[PDB]
file model35.cif (mmCIF, C-alpha atoms)
data_data
#
loop_
_atom_site.label_atom_id
_atom_site.label_comp_id
_atom_site.auth_asym_id
_atom_site.auth_seq_id
_atom_site.Cartn_x
_atom_site.Cartn_y
_atom_site.Cartn_z
CA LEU A 1 41.93 130.04 14.35
CA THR A 2 43.88 126.67 14.01
CA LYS A 3 44.03 126.45 17.80
CA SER A 4 40.33 127.17 18.32
CA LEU A 5 39.57 123.73 16.83
CA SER A 6 42.07 121.90 19.15
CA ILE A 7 40.47 123.49 22.24
CA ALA A 8 36.85 122.83 20.97
CA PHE A 9 37.49 119.01 21.17
CA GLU A 10 38.70 119.13 24.86
CA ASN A 11 35.62 121.20 25.80
CA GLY A 12 33.48 118.13 25.05
CA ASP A 13 31.10 119.55 22.58
CA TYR A 14 32.03 117.52 19.51
CA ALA A 15 29.22 119.10 17.48
CA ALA A 16 31.06 122.51 17.85
CA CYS A 17 34.07 120.82 16.26
CA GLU A 18 32.02 119.72 13.25
CA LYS A 19 30.51 123.24 12.58
CA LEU A 20 33.91 124.79 12.85
CA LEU A 21 35.56 122.28 10.36
CA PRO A 22 34.25 123.99 6.98
CA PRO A 23 36.20 127.26 7.79
CA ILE A 24 39.37 125.33 8.84
CA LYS A 25 39.21 123.28 5.58
CA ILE A 26 39.84 126.53 3.67
CA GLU A 27 43.10 127.01 5.85
CA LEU A 28 44.05 123.41 4.99
CA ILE A 29 44.92 124.68 1.42
CA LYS A 30 47.65 126.81 2.91
CA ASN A 31 49.24 124.01 4.95
CA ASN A 32 49.32 122.01 1.77
CA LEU A 33 51.33 124.68 -0.13
CA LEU A 34 53.75 124.95 2.80
CA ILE A 35 54.72 121.24 2.50
CA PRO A 36 56.23 120.11 -0.91
CA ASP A 37 53.76 117.17 -0.83
CA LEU A 38 56.07 114.47 0.40
CA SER A 39 58.98 115.08 -1.93
CA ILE A 40 61.80 115.93 0.53
CA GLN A 41 61.68 116.65 4.30
CA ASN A 42 63.75 119.31 6.10
CA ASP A 43 63.28 121.19 9.30
CA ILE A 44 61.08 123.89 7.92
CA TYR A 45 58.94 121.18 6.47
CA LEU A 46 58.55 118.97 9.63
CA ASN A 47 56.59 121.77 11.49
CA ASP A 48 54.32 122.36 8.54
CA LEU A 49 53.42 118.75 8.18
CA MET A 50 52.83 118.61 11.95
CA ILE A 51 50.07 121.31 12.05
CA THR A 52 48.26 119.67 9.15
CA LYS A 53 48.07 116.41 11.16
CA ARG A 54 46.75 118.07 14.48
CA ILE A 55 43.64 119.51 12.80
CA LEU A 56 42.84 116.22 11.10
CA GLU A 57 43.39 114.24 14.37
CA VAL A 58 40.80 115.86 16.57
CA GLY A 59 38.48 115.66 13.56
CA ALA A 60 39.14 111.89 13.18
CA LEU A 61 38.12 111.20 16.76
CA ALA A 62 35.19 113.65 16.84
CA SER A 63 33.60 112.03 13.79
CA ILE A 64 33.79 108.54 15.26
CA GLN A 65 31.90 109.45 18.42
CA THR A 66 29.25 111.27 16.35
CA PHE A 67 28.95 108.21 14.09
CA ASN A 68 29.89 110.27 11.00
CA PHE A 69 31.71 107.60 8.92
CA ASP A 70 32.49 109.81 5.96
CA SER A 71 34.67 112.37 7.77
CA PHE A 72 36.58 109.69 9.73
CA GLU A 73 37.54 107.75 6.55
CA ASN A 74 38.79 110.87 4.77
CA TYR A 75 40.73 112.33 7.64
CA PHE A 76 42.34 108.98 8.30
CA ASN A 77 43.08 108.50 4.48
CA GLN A 78 45.33 111.61 4.63
CA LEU A 79 46.95 110.63 7.99
CA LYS A 80 48.05 107.25 6.41
CA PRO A 81 50.58 108.37 3.68
CA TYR A 82 51.92 111.17 5.97
CA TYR A 83 52.83 108.70 8.77
CA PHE A 84 54.08 106.18 6.24
CA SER A 85 56.61 108.75 4.87
CA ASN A 86 59.83 108.62 5.54
CA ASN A 87 62.22 107.54 8.35
CA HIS A 88 61.43 108.34 11.96
CA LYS A 89 61.64 111.98 12.89
CA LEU A 90 58.13 112.37 14.26
CA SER A 91 55.83 110.27 12.02
CA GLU A 92 54.41 108.02 14.72
CA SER A 93 52.50 109.03 17.84
CA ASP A 94 50.19 107.64 20.56
CA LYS A 95 47.40 109.11 18.40
CA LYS A 96 48.58 106.96 15.47
CA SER A 97 48.23 103.80 17.42
CA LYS A 98 44.71 104.58 18.61
CA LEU A 99 43.59 105.66 15.20
CA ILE A 100 44.65 102.52 13.32
CA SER A 101 42.97 100.29 16.05
CA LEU A 102 39.62 102.10 15.59
CA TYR A 103 40.05 101.79 11.83
CA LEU A 104 40.60 98.05 11.83
CA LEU A 105 37.51 97.66 14.22
CA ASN A 106 35.37 99.45 11.60
CA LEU A 107 36.47 96.96 9.01
CA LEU A 108 35.53 93.93 11.34
CA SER A 109 32.17 95.51 11.86
CA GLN A 110 31.36 95.86 8.11
CA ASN A 111 32.59 92.21 7.98
CA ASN A 112 35.17 92.89 5.30
CA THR A 113 37.92 90.35 6.19
CA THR A 114 39.04 90.83 2.54
CA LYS A 115 40.39 94.45 3.05
CA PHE A 116 41.41 93.82 6.69
CA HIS A 117 44.11 91.37 5.86
CA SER A 118 45.38 93.55 2.97
CA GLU A 119 45.38 96.70 5.21
CA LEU A 120 47.46 94.79 7.80
CA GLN A 121 50.15 94.08 5.06
CA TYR A 122 50.43 97.87 4.22
CA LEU A 123 50.62 98.72 7.96
CA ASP A 124 52.93 95.86 8.87
CA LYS A 125 56.43 97.22 9.55
CA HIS A 126 55.17 100.25 11.50
CA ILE A 127 53.10 98.08 13.97
CA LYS A 128 55.62 95.20 14.31
CA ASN A 129 57.51 96.75 17.26
CA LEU A 130 57.50 100.56 16.60
CA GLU A 131 53.89 100.95 18.01
CA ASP A 132 53.93 97.23 18.95
CA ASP A 133 50.75 95.55 19.93
CA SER A 134 49.03 97.36 22.77
CA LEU A 135 45.77 98.78 21.53
CA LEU A 136 46.25 97.39 18.06
CA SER A 137 46.02 94.03 19.86
CA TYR A 138 42.28 94.33 20.24
CA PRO A 139 41.28 93.60 16.62
CA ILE A 140 44.25 91.12 16.05
CA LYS A 141 42.94 88.91 18.92
CA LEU A 142 39.37 89.39 17.65
CA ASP A 143 40.13 88.12 14.10
CA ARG A 144 41.89 85.01 15.61
CA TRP A 145 38.95 83.62 17.69
CA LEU A 146 36.26 83.96 15.00
CA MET A 147 38.55 82.21 12.34
CA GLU A 148 38.85 79.32 14.82
CA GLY A 149 35.09 79.75 15.24
CA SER A 150 35.13 79.87 18.96
CA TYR A 151 32.35 82.38 19.37
CA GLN A 152 32.57 81.87 23.20
CA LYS A 153 36.01 83.50 23.28
CA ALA A 154 35.00 86.27 20.89
CA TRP A 155 31.96 87.24 22.74
CA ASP A 156 33.75 87.36 26.10
CA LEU A 157 36.36 89.83 24.58
CA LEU A 158 33.71 92.46 23.62
CA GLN A 159 32.06 92.57 27.15
CA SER A 160 35.41 92.68 28.90
CA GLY A 161 36.18 95.51 26.38
CA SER A 162 34.26 97.76 28.76
CA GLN A 163 37.46 98.51 30.69
CA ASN A 164 39.22 99.40 27.29
CA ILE A 165 36.47 101.65 25.88
CA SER A 166 37.87 105.12 25.07
CA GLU A 167 35.74 105.50 21.88
CA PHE A 168 36.04 101.89 20.93
CA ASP A 169 32.23 101.48 21.73
CA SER A 170 31.32 102.68 18.19
CA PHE A 171 32.57 99.44 16.76
CA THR A 172 32.15 97.13 19.76
CA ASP A 173 28.31 97.49 20.00
CA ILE A 174 28.01 96.61 16.30
CA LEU A 175 30.41 93.70 16.52
CA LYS A 176 27.90 91.91 18.93
CA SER A 177 25.24 92.02 16.19
CA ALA A 178 27.66 90.66 13.63
CA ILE A 179 28.29 87.62 15.91
CA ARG A 180 24.51 86.98 16.04
CA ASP A 181 24.06 86.77 12.31
CA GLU A 182 27.14 84.43 11.81
CA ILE A 183 25.88 81.89 14.42
CA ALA A 184 22.30 82.12 13.20
CA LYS A 185 23.40 80.84 9.82
CA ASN A 186 25.28 77.88 11.24
CA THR A 187 22.64 76.46 13.45
CA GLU A 188 20.18 75.90 10.53
CA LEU A 189 22.45 73.46 8.69
CA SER A 190 22.92 71.45 11.98
CA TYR A 191 19.43 70.97 13.16
CA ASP A 192 15.82 72.09 12.87
CA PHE A 193 14.84 72.03 16.56
CA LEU A 194 16.38 73.95 19.49
CA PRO A 195 14.62 74.75 22.76
CA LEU A 196 14.10 78.42 23.86
CA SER A 197 16.99 78.34 26.31
CA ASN A 198 19.45 77.04 23.77
CA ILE A 199 18.66 79.71 21.14
CA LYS A 200 19.35 82.39 23.81
CA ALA A 201 22.56 80.83 25.00
CA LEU A 202 24.32 80.45 21.54
CA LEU A 203 23.26 83.87 20.29
CA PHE A 204 24.12 85.43 23.72
CA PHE A 205 20.76 87.32 24.45
CA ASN A 206 20.30 88.29 28.11
CA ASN A 207 16.50 88.22 27.95
CA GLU A 208 14.34 85.24 26.86
CA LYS A 209 11.58 87.51 25.46
CA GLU A 210 14.18 89.44 23.43
CA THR A 211 15.13 85.99 22.06
CA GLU A 212 11.65 85.39 20.54
CA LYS A 213 11.51 88.90 19.27
CA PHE A 214 14.85 88.36 17.42
CA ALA A 215 13.50 85.11 16.02
CA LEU A 216 10.63 87.04 14.22
CA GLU A 217 13.17 89.56 12.86
CA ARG A 218 15.33 86.67 11.69
CA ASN A 219 12.21 85.33 9.99
CA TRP A 220 12.06 82.21 12.20
CA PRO A 221 8.85 81.15 13.98
CA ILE A 222 9.40 79.83 17.60
CA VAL A 223 6.36 77.80 18.53
CA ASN A 224 5.76 76.10 21.90
CA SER A 225 9.41 76.52 22.75
CA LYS A 226 10.88 75.09 19.50
CA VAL A 227 12.28 76.73 16.39
CA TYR A 228 11.06 75.68 13.08
CA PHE A 229 13.93 76.58 10.82
CA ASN A 230 12.14 74.41 8.31
CA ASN A 231 9.95 77.16 6.64
CA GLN A 232 11.99 80.04 5.45
CA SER A 233 15.09 78.18 4.29
CA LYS A 234 13.08 76.06 1.69
CA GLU A 235 11.05 79.18 0.78
CA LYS A 236 14.25 81.18 -0.10
CA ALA A 237 15.59 78.46 -2.44
CA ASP A 238 12.27 78.24 -4.28
CA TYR A 239 12.33 82.10 -4.57
CA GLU A 240 16.08 82.09 -5.74
CA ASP A 241 15.05 79.50 -8.44
CA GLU A 242 13.10 82.35 -10.28
CA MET A 243 15.47 84.90 -11.62
CA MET A 244 17.07 85.73 -15.01
CA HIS A 245 20.87 84.94 -15.73
CA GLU A 246 19.74 81.74 -15.65
CA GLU A 247 19.98 78.96 -18.24
CA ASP A 248 23.84 78.61 -18.43
CA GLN A 249 24.33 79.09 -14.69
CA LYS A 250 21.77 76.28 -13.93
CA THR A 251 23.41 74.22 -16.80
CA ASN A 252 21.08 72.15 -19.13
CA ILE A 253 22.13 68.76 -20.45
CA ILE A 254 20.43 69.78 -23.82
CA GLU A 255 22.79 72.73 -24.04
CA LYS A 256 25.83 70.42 -23.67
CA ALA A 257 25.19 68.67 -26.98
CA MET A 258 24.46 71.97 -28.84
CA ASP A 259 27.67 73.73 -27.56
CA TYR A 260 29.85 70.57 -28.33
CA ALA A 261 28.78 70.45 -32.04
CA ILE A 262 29.36 74.08 -33.11
CA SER A 263 33.00 73.81 -31.75
CA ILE A 264 33.84 71.05 -34.16
CA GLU A 265 32.13 72.53 -37.18
CA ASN A 266 33.73 75.96 -36.69
CA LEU B 1 -13.80 51.26 -10.64
CA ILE B 2 -13.05 51.49 -14.37
CA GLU B 3 -14.69 54.88 -14.74
CA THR B 4 -12.60 56.39 -12.09
CA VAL B 5 -9.39 54.89 -13.53
CA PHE B 6 -10.13 56.34 -17.04
CA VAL B 7 -10.83 59.89 -16.20
CA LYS B 8 -8.00 60.24 -13.64
CA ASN B 9 -4.85 61.23 -15.56
CA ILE B 10 -2.50 59.68 -12.99
CA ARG B 11 -2.07 55.91 -13.56
CA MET B 12 -2.02 54.99 -9.85
CA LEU B 13 -4.64 55.31 -7.31
CA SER B 14 -4.61 54.55 -3.69
CA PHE B 15 -7.00 51.68 -2.34
CA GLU B 16 -8.67 54.21 0.02
CA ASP B 17 -10.18 56.10 -2.84
CA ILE B 18 -11.75 53.01 -4.31
CA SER B 19 -13.11 51.89 -0.91
CA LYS B 20 -15.07 55.11 -0.23
CA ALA B 21 -16.01 55.47 -3.87
CA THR B 22 -17.57 52.07 -4.11
CA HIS B 23 -19.20 52.00 -0.63
CA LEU B 24 -17.48 48.64 -0.04
CA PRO B 25 -15.12 47.80 2.98
CA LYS B 26 -11.37 47.56 2.19
CA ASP B 27 -11.50 43.64 2.29
CA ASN B 28 -13.65 43.70 -0.78
CA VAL B 29 -11.23 45.95 -2.73
CA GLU B 30 -8.77 43.10 -3.07
CA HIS B 31 -11.36 40.83 -4.44
CA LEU B 32 -12.55 43.35 -7.00
CA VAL B 33 -9.16 44.30 -8.45
CA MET B 34 -8.35 40.57 -8.69
CA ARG B 35 -11.64 39.79 -10.46
CA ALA B 36 -11.06 42.60 -12.75
CA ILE B 37 -7.48 41.65 -13.94
CA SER B 38 -8.82 38.07 -14.49
CA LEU B 39 -11.74 39.31 -16.67
CA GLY B 40 -9.03 41.35 -18.50
CA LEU B 41 -11.01 44.58 -18.08
CA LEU B 42 -7.78 46.07 -16.67
CA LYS B 43 -4.24 44.94 -16.32
CA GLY B 44 -1.82 45.93 -13.68
CA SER B 45 -0.32 45.16 -10.34
CA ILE B 46 -1.31 45.17 -6.65
CA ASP B 47 1.15 46.56 -4.10
CA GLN B 48 -0.16 46.06 -0.54
CA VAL B 49 2.86 47.90 0.85
CA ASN B 50 2.10 51.19 -0.79
CA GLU B 51 -1.53 50.37 -0.88
CA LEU B 52 -1.56 51.20 -4.64
CA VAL B 53 -3.10 49.54 -7.63
CA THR B 54 -1.14 50.46 -10.79
CA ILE B 55 -3.09 50.19 -14.03
CA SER B 56 -1.17 49.73 -17.21
CA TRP B 57 -3.94 49.10 -19.77
CA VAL B 58 -7.47 50.40 -20.12
CA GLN B 59 -10.14 48.59 -22.42
CA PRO B 60 -11.59 50.94 -25.12
CA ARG B 61 -14.63 52.89 -24.23
CA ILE B 62 -17.23 55.15 -25.76
CA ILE B 63 -16.09 58.72 -25.75
CA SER B 64 -18.82 60.87 -24.50
CA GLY B 65 -19.29 64.51 -25.54
CA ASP B 66 -17.68 65.89 -22.37
CA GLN B 67 -14.71 63.59 -22.93
CA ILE B 68 -14.12 64.89 -26.58
CA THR B 69 -13.38 68.22 -24.92
CA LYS B 70 -10.90 66.64 -22.52
CA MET B 71 -8.76 65.14 -25.26
CA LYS B 72 -8.36 68.55 -26.90
CA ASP B 73 -7.01 69.91 -23.58
CA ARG B 74 -4.27 67.25 -23.18
CA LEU B 75 -3.15 67.81 -26.71
CA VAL B 76 -3.13 71.62 -26.43
CA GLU B 77 -0.75 71.23 -23.45
CA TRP B 78 1.40 68.81 -25.38
CA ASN B 79 1.51 71.24 -28.33
CA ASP B 80 3.17 73.80 -26.15
CA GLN B 81 5.75 71.29 -24.93
CA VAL B 82 6.85 70.37 -28.44
CA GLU B 83 6.83 73.96 -29.47
CA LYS B 84 8.93 75.45 -26.64
CA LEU B 85 11.46 72.76 -26.99
CA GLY B 86 11.86 73.33 -30.77
CA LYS B 87 12.57 76.93 -30.35
CA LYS B 88 15.66 76.47 -28.14
CA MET B 89 17.02 73.94 -30.49
CA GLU B 90 16.31 76.00 -33.45
CA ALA B 91 18.28 78.85 -31.93
CA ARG B 92 21.28 76.99 -30.45
CA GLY B 93 23.60 75.31 -32.96
CA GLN B 94 22.61 77.79 -35.64
CA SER B 95 25.83 77.30 -37.42
CA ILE B 96 24.98 73.86 -38.70
CA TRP B 97 21.72 72.71 -40.25
CA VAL B 98 23.09 71.93 -43.68
#

call {"tool": "encode", "arguments": {"input": "model35.cif", "output": "C-alpha cells"}}
result
Amino acid sequence: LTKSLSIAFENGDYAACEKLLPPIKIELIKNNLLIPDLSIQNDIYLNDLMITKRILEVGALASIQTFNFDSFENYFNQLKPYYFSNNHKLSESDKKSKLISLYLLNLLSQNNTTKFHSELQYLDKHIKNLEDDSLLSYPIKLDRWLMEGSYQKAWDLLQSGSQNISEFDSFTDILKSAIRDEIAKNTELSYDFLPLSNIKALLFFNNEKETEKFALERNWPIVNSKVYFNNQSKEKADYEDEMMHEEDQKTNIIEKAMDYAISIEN
Amino acid sequence: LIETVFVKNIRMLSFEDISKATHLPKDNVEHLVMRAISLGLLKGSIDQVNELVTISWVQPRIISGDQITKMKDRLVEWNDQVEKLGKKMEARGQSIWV
C-alpha cells in the first residue's frame, strides 16, 4: 500500500502517482496519530515520522513535473515544520536540499522577492553549513545578479542551467520570461527608438521575427525597424487618469483650504 | 478680418488663416493689421516669431439673430462651471458657515 506509491514514482509514470494519492491520503490520518504531533521525539516516534515524510516526498516531486502547483505547496508546507523540529537525528536529507531549492525558484518565478527574503530567514541556520550551498546556490546566485541589474549574468545562468536540470526546468523556463518583462520596462524610460537588432539583443530572443511578434504582444509597434514606445505609454496614463478613489489621491489645492479650516474650528 | 476675429472664441489667430481668408499674399497681412490698430478698429500685438496676431479689444457690433443664440451657449457652459464648483464647497467645510 504505502510502498506501492514509492515504486510508482521510479516507474516514470507520474500520473499513476497522482491517481493513487487520494487512497494514501486516508492512510496519512494513521501516521498522524502514531506521532504525538511534534511534542517529544523518541525511537518509536522517529520511524513514524519517517514514513509520513516518504509519501509526501515523491508527491512533492511528482507534482512539480506535472505543473500541479497546489499539491507541491501543501506537501512541502508539511515537510517544513517536520525538518525544522528538533536536533539532528534524521531531519535533513539530500531530498530536503533539492526540495527547498525548487521552492525558492518558484518564488523567483512569481516575482515575489518580498516572501523570498523572509523565507530565507526562517530557513537560515539549516542551510548555513548543514546542507550548505550546493543546489541551494542556484537561486542565491540568481537573486544577486538581478539586484545588481546585470541581466547579462542572469541570463547566462539559466542557459548554463541545462547541465543542472533535474526538474529545475519548471521554474527555469518561466524565469526567462520574467527577465523579458523587467528589461522591457526599463528601456522605455531611456529612449523611444531602438533598431530591430538591439531590441532582440537586450531581451535575448534568438529569432528576429519572434522579436517583432513579441513587440505586438507587448503592445509596441515596430515600424521600418524602429520601436515607437511613444504610443502606449502616454495612452496608459490618460486611461489611469479616469478612475474613482480619486479626488484626495490626486490632491486639490481647493481641498487644502477647506480641510485646514475645519481643524481649527473643531 | 474683424468678422473672423469676433466669431472665433480663441483670442489669437495665426497669420496663415488671414492670408487664405482674405485672398491676399502674406506681405499684405502686415499692412492690414497695422492699418487696423491705427484706425482703432482693433487693438493688439504682432508677433512675427510665432506668426500670431493677438487681439485684446473688439469694437462693438450689431448682434445678428444667429449670434443671439451663440451668447446663450457660452453662458449655459459657464452656468455649469459656477454650479459644479459651488457644490464641492458647499459640501466640504460643512462645520462652519455661521

call {"tool": "closest_atom_pairs", "arguments": {"input": "model35.cif", "of": "chain A", "to": "chain B", "cutoff": "12 Å", "atoms": "all atoms listed in the file", "output": "Markdown table"}}
result
| residue | atom | partner | partner_atom | distance |
| --- | --- | --- | --- | --- |
| A:247 | CA | B:88 | CA | 11.1 |
| A:252 | CA | B:88 | CA | 11.4 |
| A:254 | CA | B:89 | CA | 8.6 |
| A:255 | CA | B:92 | CA | 7.8 |
| A:256 | CA | B:92 | CA | 10.5 |
| A:257 | CA | B:93 | CA | 9.1 |
| A:258 | CA | B:93 | CA | 5.4 |
| A:259 | CA | B:93 | CA | 6.9 |
| A:260 | CA | B:93 | CA | 9.1 |
| A:261 | CA | B:93 | CA | 7.2 |
| A:262 | CA | B:93 | CA | 5.9 |
| A:263 | CA | B:93 | CA | 9.6 |
| A:264 | CA | B:96 | CA | 10.3 |
| A:265 | CA | B:96 | CA | 7.4 |
| A:266 | CA | B:95 | CA | 8.0 |

call {"tool": "resolve_selection", "arguments": {"input": "model35.cif", "expression": "the PyMOL selection byres ((chain B and resi 40-45) around 12)", "output": "MDAnalysis selection string"}}
result
chainID B and resid 1:3 5:6 11:13 30 32:39 46:61

call {"tool": "residues_around", "arguments": {"input": "model35.cif", "residues": "residue A:139", "least_positions_apart": "2", "cutoff": "8 Å", "atoms": "only C-alpha atoms", "output": "list in words"}}
result
residues 101, 104, 105, 108, 136, 137, 141, 142 and 143 of chain A

call {"tool": "write_last_selection", "arguments": {"input": "model35.cif", "atoms": "C-alpha atoms", "output": "mmCIF file, in the coordinates of the input"}}
result
data_model
loop_
_atom_site.group_PDB
_atom_site.id
_atom_site.type_symbol
_atom_site.label_atom_id
_atom_site.label_comp_id
_atom_site.auth_asym_id
_atom_site.auth_seq_id
_atom_site.Cartn_x
_atom_site.Cartn_y
_atom_site.Cartn_z
ATOM 1 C CA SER A 101 42.970 100.290 16.050
ATOM 2 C CA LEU A 104 40.600 98.050 11.830
ATOM 3 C CA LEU A 105 37.510 97.660 14.220
ATOM 4 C CA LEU A 108 35.530 93.930 11.340
ATOM 5 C CA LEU A 136 46.250 97.390 18.060
ATOM 6 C CA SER A 137 46.020 94.030 19.860
ATOM 7 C CA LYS A 141 42.940 88.910 18.920
ATOM 8 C CA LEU A 142 39.370 89.390 17.650
ATOM 9 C CA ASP A 143 40.130 88.120 14.100
#

call {"tool": "resolve_selection", "arguments": {"input": "model35.cif", "expression": "the PyMOL selection byres ((chain A and resi 118-132) around 10)", "output": "number ranges by chain"}}
result
A: 80, 83-84, 88, 92-94, 96-98, 100, 103-104, 107, 113-117, 133-137, 140

call {"tool": "resolve_selection", "arguments": {"input": "model35.cif", "expression": "the PyMOL selection byres ((chain A and resi 208) around 12)", "output": "PyMOL selection string"}}
result
chain A and resi 195-201+203-207+209-215+222+225

call {"tool": "closest_residue", "arguments": {"input": "model35.cif", "among": "A:89, A:234, A:180, A:185", "to": "residue A:45", "atoms": "only C-alpha atoms"}}
result
A:89

call {"tool": "atom_distance", "arguments": {"input": "model35.cif", "atom1": "atom CA of residue A:193", "atom2": "atom CA of residue A:232"}}
result
14.0 Å

call {"tool": "atom_distance", "arguments": {"input": "model35.cif", "atom1": "atom CA of residue A:53", "atom2": "atom CA of residue A:68"}}
result
19.2 Å
